[PDB]
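In what follows, a structure is listed as structure tokens, so that the remarks can point back to it.
Protein chains: 2
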Amino acid sequence: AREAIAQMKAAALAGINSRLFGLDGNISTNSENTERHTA
Amino acid sequence: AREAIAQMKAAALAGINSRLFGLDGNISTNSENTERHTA
Numbered sequence: 015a016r017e018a019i020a021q022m023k024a025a026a027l028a029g030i031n032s033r034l035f036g037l038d039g040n041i042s043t044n045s046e047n048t049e050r051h052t053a
Numbered sequence: 015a016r017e018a019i020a021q022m023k024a025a026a027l028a029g030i031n032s033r034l035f036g037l038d039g040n041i042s043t044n045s046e047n048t049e050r051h052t053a
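Heads up: the sequence lines are chains A and B, in that order.
Start counting the first sequence at 15; every next residue gets the next number (my numbering).
Start counting the second sequence at 15; every next residue gets the next number (my numbering).
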């Protein structure tokens with residue numbers, strides 16, 4: 015049975031790419047403006 | 015789910031330009047006259 019177990023564990027895991035990062039929360043698509051308006 | 019949440023938050027915010035200023039109240043299109051009239 016020691017063989018058959020390892021065959022199961024290996025058969026049920028393939029293609030799963032770990033990729034320890036998820037996604038970052040910090041977005042900056044465009045920097046902050048910091049300018050004014052007048053008439 | 016930790017991935018899917020961040021995808022939502024990033025998908026629902028794009029193009030919004032912060033622009034921390036609104037508009038100024040002080041207008042001066044033409045300076046104050048301070049002159050008189052007579053006959």
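Every residue, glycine too, gets a C-beta built ideally from N, C-alpha and C.
In three-state terms, what does DSSP make of residue i?
i, result
"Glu46 of chain B", "coil"
"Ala26 of chain A", "coil"
"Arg16 of chain B", "helix"
Starting from the beta carbon of residue i, find every residue of chain B whose beta carbon is closer than 7 angstroms, and list them in chain order.
i, result
"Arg50 of chain A", "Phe35, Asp38"
Alpha carbons only, please: which of the options is nearest the one belonging to residue i?
i, options, result
"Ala20 of chain B", "A:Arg16, A:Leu27, A:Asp38, A:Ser32", "A:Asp38"
"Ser45 of chain A", "B:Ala24, B:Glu17, B:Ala53, B:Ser32", "B:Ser32"
"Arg16 of chain B", "A:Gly36, A:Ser42, A:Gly29, A:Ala28", "A:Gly36"
"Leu27 of chain B", "A:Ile41, A:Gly29, A:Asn47", "A:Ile41"
So which residues of chain B does residue i contact, with C-beta pairs closer than 8 angstroms?
i, result
"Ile41 of chain A", "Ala24, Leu27"
"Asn44 of chain A", "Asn31"
Taking residue i as the query, report the chain A residues whose CB atoms sit under 7 angstroms from its CB, ordered along the chain.
i, result
"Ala53 of chain B", "In chain order: nothing, as chain A lies at least about 36 angstroms away."
Please compile the residues from chain A whose C-beta is within a distance smaller than 9 angstroms of the C-beta of residue i.
i, result
"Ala20 of chain B", "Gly36, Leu37, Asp38, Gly39"
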